[PDB]
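Down below is the structure, laid out as structure tokens.
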Amino acid sequence: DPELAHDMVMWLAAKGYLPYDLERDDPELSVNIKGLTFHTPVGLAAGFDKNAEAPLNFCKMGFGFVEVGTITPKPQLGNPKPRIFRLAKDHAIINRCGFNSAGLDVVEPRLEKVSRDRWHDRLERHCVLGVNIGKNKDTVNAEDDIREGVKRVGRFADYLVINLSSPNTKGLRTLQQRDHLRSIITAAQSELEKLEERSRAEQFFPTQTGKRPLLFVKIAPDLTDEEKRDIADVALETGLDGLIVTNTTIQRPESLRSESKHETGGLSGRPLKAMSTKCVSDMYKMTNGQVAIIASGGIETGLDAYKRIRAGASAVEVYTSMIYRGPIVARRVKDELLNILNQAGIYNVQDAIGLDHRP
Ligand SMILES: Cc1cc2nc3c(=O)[nH]c(=O)nc-3n(C[C@H](O)[C@H](O)[C@H](O)COP(=O)(O)O)c2cc1C
Ligand SMILES: O=C(O)c1cc(=O)[nH]c(=O)[nH]1
């Protein structure tokens, strides 16, 4: 069952008993991305550590970054169980958590905690922190709820991710329209424009940098081409930092086996690879690679990753892999990714970005 596989791995992570990394990762993997130094391009995807529980553990376990939940502002319970199925036969997961956070009241000090204690012991080669934020199912003006995730938990972020594509929350995937998208992105970056004083990183608004998280938008793979062109023609113009370029898909492709394949939810995993990998490409090269890209959806192998890294992502989030291959999907993908850099010719990762569109 994925539900408690997700939860015991999170528990074993929370007290930290899971196996750690060691070899200190070769610098070929170093990826600078609009001023954020990521050690590893592999990270954890925006659904595993929901309520900011144990980011730094999974981090020390070989992910160069994690991305905390989606944090709504008021606590939610989401949808009744059973809400998330394995589709074993084609390495896939339908899910329908319909958001289910503890809230910005609860996670604010959980980051305050992680923000202070991340600098101290082990003298870290800082593993990067992404904060993912969203709306209470039935919120009136969604422009009002994104505004709180910034005001609250956004100063703790190495990168804030406005979630606008969970197929399971009440008309949330419909916010990605030129007029709505632009409003939410502006309103968010109006809030990051709350820069304030001190004595007038450990102390201060602390993020492997002065502050002001590199902002991000999460979009569904189920976009039109009509509208990917809008979304893009917005992003450059809004000066959006980057796009996390794959939530789950609502789609249910033919050639799918495990009998649960008909279930209402967000399909993740293998059949989100081709889906997702093409929808990186159309955003890197519909934005001159100017708008940074972190991609997820079916990334389970260095070859999967490099394949997609080339395509235009400077980083790679994992979850459905992480349930099948285990927690060592981080180090196993790192290793395969590295070998594919030597064999190919251009070592490193930064070099390989945009290589499908390189002039
Ligand atoms: C059980 C589950 C919960 C998820 N929760 C979230 C979430 O809260 N916020 C979010 O932005 N994405 C969420 N996602 C989407 C994943 O973060 C990821 O983008 C998607 O699964 C595709 O990646 P993968 O197929 O490589 O795991 C979730 C996915 C799954 C399977
Ligand atoms: O609410 C959910 O269940 C959900 C959110 C999300 O962002 N992605 C997903 O697959 N499910």
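By order in the structure tokens, chains are A, B, ...; within a chain, residues start at 1; ligands start at 1, following the order shown.
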Practice task
Can you pull out every residue within 7 Å of residue 316 in chain A, counting only C-alpha atoms, but drop anything in the same chain fewer than 5 positions away, and send it as an MDAnalysis selection string?
Solution key: chainID A and resid 41:43 294:296 305
List all protein, DNA and RNA residues that have any atom at most 8 Å from ligand 1, counting only C-alpha atoms and all ligand atoms, and write the list as a PDB file with N, CA and C atoms, in the first residue's frame.
```pdb
ATOM      1  N   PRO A   2       0.594   2.222  -0.874  1.00  0.00           N
ATOM      2  CA  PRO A   2       1.383   3.462  -0.846  1.00  0.00           C
ATOM      3  C   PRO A   2       1.124   4.400   0.342  1.00  0.00           C
ATOM      4  N   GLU A   3      -0.092   4.402   0.898  1.00  0.00           N
ATOM      5  CA  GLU A   3      -0.471   5.361   1.955  1.00  0.00           C
ATOM      6  C   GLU A   3       0.438   5.327   3.176  1.00  0.00           C
ATOM      7  N   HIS A   6       4.234   5.743   2.174  1.00  0.00           N
ATOM      8  CA  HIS A   6       4.485   7.166   2.275  1.00  0.00           C
ATOM      9  C   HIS A   6       4.670   7.567   3.724  1.00  0.00           C
ATOM     10  N   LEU A  44      13.530  16.017  -3.660  1.00  0.00           N
ATOM     11  CA  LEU A  44      12.227  15.390  -3.353  1.00  0.00           C
ATOM     12  C   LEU A  44      11.049  16.254  -3.806  1.00  0.00           C
ATOM     13  N   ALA A  45      10.039  15.604  -4.360  1.00  0.00           N
ATOM     14  CA  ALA A  45       8.956  16.301  -5.042  1.00  0.00           C
ATOM     15  C   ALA A  45       7.948  16.838  -4.088  1.00  0.00           C
ATOM     16  N   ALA A  46       7.103  17.737  -4.578  1.00  0.00           N
ATOM     17  CA  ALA A  46       6.263  18.540  -3.690  1.00  0.00           C
ATOM     18  C   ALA A  46       5.025  17.789  -3.095  1.00  0.00           C
ATOM     19  N   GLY A  47       5.179  16.533  -2.659  1.00  0.00           N
ATOM     20  CA  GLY A  47       4.090  15.813  -1.930  1.00  0.00           C
ATOM     21  C   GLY A  47       4.437  14.861  -0.772  1.00  0.00           C
ATOM     22  N   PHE A  48       5.738  14.671  -0.540  1.00  0.00           N
ATOM     23  CA  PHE A  48       6.206  13.651   0.359  1.00  0.00           C
ATOM     24  C   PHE A  48       6.222  14.223   1.744  1.00  0.00           C
ATOM     25  N   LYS A  50       4.803  16.756   3.463  1.00  0.00           N
ATOM     26  CA  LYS A  50       3.668  17.699   3.468  1.00  0.00           C
ATOM     27  C   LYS A  50       3.787  18.852   4.437  1.00  0.00           C
ATOM     28  N   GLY A  69       5.579  19.866   1.110  1.00  0.00           N
ATOM     29  CA  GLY A  69       4.118  19.678   0.934  1.00  0.00           C
ATOM     30  C   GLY A  69       3.468  20.467  -0.138  1.00  0.00           C
ATOM     31  N   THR A  70       2.217  20.832   0.072  1.00  0.00           N
ATOM     32  CA  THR A  70       1.738  22.146  -0.321  1.00  0.00           C
ATOM     33  C   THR A  70       1.267  22.586   1.018  1.00  0.00           C
ATOM     34  N   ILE A  71       1.591  23.803   1.400  1.00  0.00           N
ATOM     35  CA  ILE A  71       1.073  24.356   2.632  1.00  0.00           C
ATOM     36  C   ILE A  71      -0.112  25.248   2.292  1.00  0.00           C
ATOM     37  N   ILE A  84      -5.304   7.261  -2.575  1.00  0.00           N
ATOM     38  CA  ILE A  84      -4.019   7.195  -3.240  1.00  0.00           C
ATOM     39  C   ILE A  84      -3.673   5.730  -3.445  1.00  0.00           C
ATOM     40  N   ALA A  92       3.079   3.478 -11.498  1.00  0.00           N
ATOM     41  CA  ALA A  92       2.285   4.698 -11.476  1.00  0.00           C
ATOM     42  C   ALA A  92       1.468   4.790 -10.180  1.00  0.00           C
ATOM     43  N   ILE A  93       1.041   6.017  -9.830  1.00  0.00           N
ATOM     44  CA  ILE A  93       0.235   6.321  -8.627  1.00  0.00           C
ATOM     45  C   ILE A  93      -0.848   7.345  -8.983  1.00  0.00           C
ATOM     46  N   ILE A  94      -2.121   6.943  -8.919  1.00  0.00           N
ATOM     47  CA  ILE A  94      -3.256   7.877  -8.892  1.00  0.00           C
ATOM     48  C   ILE A  94      -3.347   8.309  -7.437  1.00  0.00           C
ATOM     49  N   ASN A  95      -3.544   9.609  -7.208  1.00  0.00           N
ATOM     50  CA  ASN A  95      -3.763  10.142  -5.851  1.00  0.00           C
ATOM     51  C   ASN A  95      -4.830  11.206  -5.834  1.00  0.00           C
ATOM     52  N   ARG A  96      -5.473  11.356  -4.685  1.00  0.00           N
ATOM     53  CA  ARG A  96      -6.518  12.352  -4.515  1.00  0.00           C
ATOM     54  C   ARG A  96      -6.552  12.802  -3.060  1.00  0.00           C
ATOM     55  N   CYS A  97      -5.449  13.409  -2.635  1.00  0.00           N
ATOM     56  CA  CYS A  97      -5.385  14.033  -1.319  1.00  0.00           C
ATOM     57  C   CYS A  97      -6.159  15.372  -1.235  1.00  0.00           C
ATOM     58  N   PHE A  99      -5.504  18.393  -1.440  1.00  0.00           N
ATOM     59  CA  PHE A  99      -4.768  19.099  -0.368  1.00  0.00           C
ATOM     60  C   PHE A  99      -5.139  18.599   1.041  1.00  0.00           C
ATOM     61  N   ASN A 100      -4.168  18.548   1.964  1.00  0.00           N
ATOM     62  CA  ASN A 100      -4.452  18.152   3.379  1.00  0.00           C
ATOM     63  C   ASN A 100      -3.436  18.601   4.464  1.00  0.00           C
ATOM     64  N   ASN A 132       6.393  24.920  -0.924  1.00  0.00           N
ATOM     65  CA  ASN A 132       5.225  24.837  -1.832  1.00  0.00           C
ATOM     66  C   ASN A 132       3.914  25.229  -1.117  1.00  0.00           C
ATOM     67  N   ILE A 133       3.132  26.129  -1.726  1.00  0.00           N
ATOM     68  CA  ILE A 133       1.989  26.775  -1.050  1.00  0.00           C
ATOM     69  C   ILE A 133       0.704  26.895  -1.892  1.00  0.00           C
ATOM     70  N   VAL A 161       6.961  27.940  -4.221  1.00  0.00           N
ATOM     71  CA  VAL A 161       6.307  27.386  -5.376  1.00  0.00           C
ATOM     72  C   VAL A 161       4.816  27.544  -5.207  1.00  0.00           C
ATOM     73  N   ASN A 163       1.457  26.648  -6.018  1.00  0.00           N
ATOM     74  CA  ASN A 163       0.797  25.453  -6.578  1.00  0.00           C
ATOM     75  C   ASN A 163      -0.550  25.798  -7.192  1.00  0.00           C
ATOM     76  N   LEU A 164      -0.627  25.610  -8.510  1.00  0.00           N
ATOM     77  CA  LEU A 164      -1.777  25.981  -9.300  1.00  0.00           C
ATOM     78  C   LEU A 164      -2.126  24.847 -10.295  1.00  0.00           C
ATOM     79  N   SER A 165      -2.066  23.592  -9.844  1.00  0.00           N
ATOM     80  CA  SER A 165      -2.282  22.465 -10.779  1.00  0.00           C
ATOM     81  C   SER A 165      -2.606  21.069 -10.198  1.00  0.00           C
ATOM     82  N   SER A 166      -2.901  21.009  -8.902  1.00  0.00           N
ATOM     83  CA  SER A 166      -3.378  19.787  -8.280  1.00  0.00           C
ATOM     84  C   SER A 166      -4.740  19.518  -8.862  1.00  0.00           C
ATOM     85  N   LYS A 218       3.801  26.143 -10.381  1.00  0.00           N
ATOM     86  CA  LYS A 218       3.620  24.751 -10.749  1.00  0.00           C
ATOM     87  C   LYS A 218       2.443  24.646 -11.708  1.00  0.00           C
ATOM     88  N   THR A 246       5.822  20.274 -13.942  1.00  0.00           N
ATOM     89  CA  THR A 246       4.914  19.115 -13.968  1.00  0.00           C
ATOM     90  C   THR A 246       4.273  18.785 -12.659  1.00  0.00           C
ATOM     91  N   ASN A 247       2.972  19.016 -12.554  1.00  0.00           N
ATOM     92  CA  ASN A 247       2.202  18.349 -11.504  1.00  0.00           C
ATOM     93  C   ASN A 247       1.846  16.918 -12.000  1.00  0.00           C
ATOM     94  N   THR A 248       0.849  16.262 -11.397  1.00  0.00           N
ATOM     95  CA  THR A 248       0.268  15.053 -11.978  1.00  0.00           C
ATOM     96  C   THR A 248      -0.678  15.330 -13.142  1.00  0.00           C
ATOM     97  N   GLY A 266      -4.962  12.223  -9.434  1.00  0.00           N
ATOM     98  CA  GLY A 266      -3.776  12.654 -10.183  1.00  0.00           C
ATOM     99  C   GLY A 266      -2.858  11.493 -10.515  1.00  0.00           C
ATOM    100  N   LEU A 267      -2.826  11.092 -11.782  1.00  0.00           N
ATOM    101  CA  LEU A 267      -1.934  10.027 -12.201  1.00  0.00           C
ATOM    102  C   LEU A 267      -0.474  10.521 -12.231  1.00  0.00           C
ATOM    103  N   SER A 268       0.395   9.867 -11.457  1.00  0.00           N
ATOM    104  CA  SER A 268       1.848  10.106 -11.481  1.00  0.00           C
ATOM    105  C   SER A 268       2.613   8.862 -11.999  1.00  0.00           C
ATOM    106  N   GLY A 269       3.939   8.964 -12.085  1.00  0.00           N
ATOM    107  CA  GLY A 269       4.797   7.843 -12.484  1.00  0.00           C
ATOM    108  C   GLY A 269       5.216   7.732 -13.955  1.00  0.00           C
ATOM    109  N   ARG A 270       5.460   6.489 -14.373  1.00  0.00           N
ATOM    110  CA  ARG A 270       6.022   6.168 -15.691  1.00  0.00           C
ATOM    111  C   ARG A 270       5.266   6.829 -16.839  1.00  0.00           C
ATOM    112  N   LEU A 272       3.691   9.366 -16.930  1.00  0.00           N
ATOM    113  CA  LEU A 272       3.838  10.787 -16.929  1.00  0.00           C
ATOM    114  C   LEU A 272       5.200  11.239 -17.459  1.00  0.00           C
ATOM    115  N   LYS A 273       6.021  10.325 -17.996  1.00  0.00           N
ATOM    116  CA  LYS A 273       7.386  10.657 -18.493  1.00  0.00           C
ATOM    117  C   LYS A 273       7.321  11.422 -19.822  1.00  0.00           C
ATOM    118  N   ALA A 295      11.644  20.199 -13.161  1.00  0.00           N
ATOM    119  CA  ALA A 295      10.616  19.286 -13.687  1.00  0.00           C
ATOM    120  C   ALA A 295      10.476  18.042 -12.839  1.00  0.00           C
ATOM    121  N   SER A 296       9.252  17.523 -12.782  1.00  0.00           N
ATOM    122  CA  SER A 296       8.962  16.207 -12.190  1.00  0.00           C
ATOM    123  C   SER A 296       8.099  15.378 -13.162  1.00  0.00           C
ATOM    124  N   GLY A 297       7.552  14.263 -12.669  1.00  0.00           N
ATOM    125  CA  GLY A 297       6.805  13.323 -13.497  1.00  0.00           C
ATOM    126  C   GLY A 297       7.722  12.278 -14.116  1.00  0.00           C
ATOM    127  N   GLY A 298       7.557  11.031 -13.675  1.00  0.00           N
ATOM    128  CA  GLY A 298       8.325   9.895 -14.170  1.00  0.00           C
ATOM    129  C   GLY A 298       9.806  10.177 -14.333  1.00  0.00           C
ATOM    130  N   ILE A 299      10.505  10.425 -13.225  1.00  0.00           N
ATOM    131  CA  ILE A 299      11.980  10.460 -13.237  1.00  0.00           C
ATOM    132  C   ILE A 299      12.495   9.411 -12.244  1.00  0.00           C
ATOM    133  N   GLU A 300      12.909   8.250 -12.767  1.00  0.00           N
ATOM    134  CA  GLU A 300      13.287   7.094 -11.928  1.00  0.00           C
ATOM    135  C   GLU A 300      14.699   6.543 -12.164  1.00  0.00           C
ATOM    136  N   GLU A 317      12.767  16.573  -9.503  1.00  0.00           N
ATOM    137  CA  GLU A 317      11.968  16.096  -8.373  1.00  0.00           C
ATOM    138  C   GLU A 317      11.432  14.655  -8.585  1.00  0.00           C
ATOM    139  N   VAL A 318      11.333  13.921  -7.477  1.00  0.00           N
ATOM    140  CA  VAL A 318      10.998  12.502  -7.470  1.00  0.00           C
ATOM    141  C   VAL A 318       9.986  12.191  -6.359  1.00  0.00           C
ATOM    142  N   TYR A 319       9.083  11.246  -6.607  1.00  0.00           N
ATOM    143  CA  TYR A 319       8.186  10.758  -5.569  1.00  0.00           C
ATOM    144  C   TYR A 319       7.755   9.344  -5.907  1.00  0.00           C
ATOM    145  N   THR A 320       7.053   9.173  -7.020  1.00  0.00           N
ATOM    146  CA  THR A 320       6.583   7.842  -7.429  1.00  0.00           C
ATOM    147  C   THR A 320       7.746   6.844  -7.596  1.00  0.00           C
ATOM    148  N   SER A 321       8.872   7.323  -8.109  1.00  0.00           N
ATOM    149  CA  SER A 321      10.124   6.561  -8.072  1.00  0.00           C
ATOM    150  C   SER A 321      10.474   6.190  -6.636  1.00  0.00           C
ATOM    151  N   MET A 322      10.499   7.211  -5.782  1.00  0.00           N
ATOM    152  CA  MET A 322      10.824   7.079  -4.362  1.00  0.00           C
ATOM    153  C   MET A 322       9.973   6.039  -3.608  1.00  0.00           C
TER     154      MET A 322
END
```
Exercise for the section: Could you tell me which of A:25, A:117, A:49, A:179 comes closest to residue 230 in chain A if we count only C-alpha atoms? Expected result: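 For residue 230 in chain A, the nearest of the given residues is A:179.
Candidate residues A:86, A:22, A:344, A:38 were compared for distance to residue 1 in chain A, and the nearest is A:86, using only C-alpha atoms.
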Exercise for the section: Excluding residue 104 in chain A and any residue of its chain fewer than 5 positions from it, enumerate the residues within 12 Å of it, using only C-alpha atoms, and give them as a ChimeraX atom specification. Expected result: /A:50-52,68-76,109-112,131-136,145-154
Problem - Residue with smallest distance to ligand 2 - pool A:78, A:35, A:55, A:64, counting only C-alpha atoms and all ligand atoms - result: A:78
Practice task
Between A:121, A:14, A:36, A:79, single out the one closest to residue 54 in chain A, counting only C-alpha atoms.
Solution key: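 Result for the nearest residue to residue 54 in chain A: A:14.
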Practice task
Name the residues of range 29-82 of chain A that come out as helix (DSSP H, G or I) in a backbone DSSP run; write them as a PyMOL selection string.
Solution key: chain A and resi 29+55-60
